[PDB]
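**Q** please find the sequence and an experimentally derived structure below.
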Amino acid sequence: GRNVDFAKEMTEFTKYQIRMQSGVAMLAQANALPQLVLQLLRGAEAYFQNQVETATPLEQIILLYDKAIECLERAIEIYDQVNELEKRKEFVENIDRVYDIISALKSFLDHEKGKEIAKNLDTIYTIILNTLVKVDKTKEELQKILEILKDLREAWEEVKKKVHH
């Protein structure tokens with residue numbers, strides 16, 4: 001899992017860069033299109049979750065990380081059970097949602113304003129997308145991606161705190 005391991009290392013210094021320049025990090029990432037945010041959070045469900053409309057730009061980013069993490073956690077839980085049709089169904093559905101969310105996050109990056117932070121986020125996201133589509137992606141690779149997303153979510157939470165206080 002060389003590629004995902006590279007992303008793990010890059011996350012270590014990218015979270016540092018985000019901490020050093022919280023303003024730049026916000027400019028880099030907090031450019032979500034609200035219509036796309038609502039659609040991604042709903043997925044195939046019959047209802048939009050409460051109060052998404054009142055979420056700030058940074059809060060919408062955090063909500064997308066929350067949902068990606070939730071879906072990836074579920075996919076990891078059932079990874080070894082995909083011999084069963086219904087388990088494979090749920091696994092593929094969740095992996096596809098993670099792919100859609102990460103794709104959207106990558107599309108929101110402002111490179112002119114975001115500079116090195118935006119470059120490194122794009123690289124991390126690209127590695128994740130390439131891994132998610134791999135037919136023979138391993139459970140270990142998915143677990144490392146989960147850790148990356150949790151670490152980055154924590155970074156965004158700190159950015160939010162710094163902007164608001």
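**A** Thanks, I have it. Residues are numbered from 1 along each chain as shown.
**Q** now do the biggest helix by length in the chain: distance to the chain's middle.
**A** Looking across the chain with DSSP state H, the single longest helix is helix 139-164. Centroid displacement of helix 139-164 relative to its chain, using Cα atoms, centre = their mean, to the nearest Å, is 8 Å.
**Q** now swap in stretch 131-139 and tell me
**A** Worked out by Cα atoms, centre = their mean, stretch 131-139 lies 16 Å from the chain centre.
**Q** buried ones in that stretch?
**A** Residues of stretch 131-139 classed as buried: 131-132, 137 (neighbour count, 16 or more other Cβ atoms under 10 Å). C-beta: built from backbone N, CA, C; applies to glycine.
**Q** how about residues contacting stretch 42-60?
**A** Stretch 42-60 has contacts (Cβ atoms under 8 Å, 6 or more residues apart in numbering) with 26, 30-32, 34, 37-38, 41, 63, 93, 97, 156, 159-160, 163.
**Q** among the residues you listed, name the buried ones.
**A** When the contacts of stretch 42-60 are checked for burial by 16+ other Cβ under 10 Å, the buried set is 26, 30-32, 37-38, 41, 63, 97, 156, 159-160.
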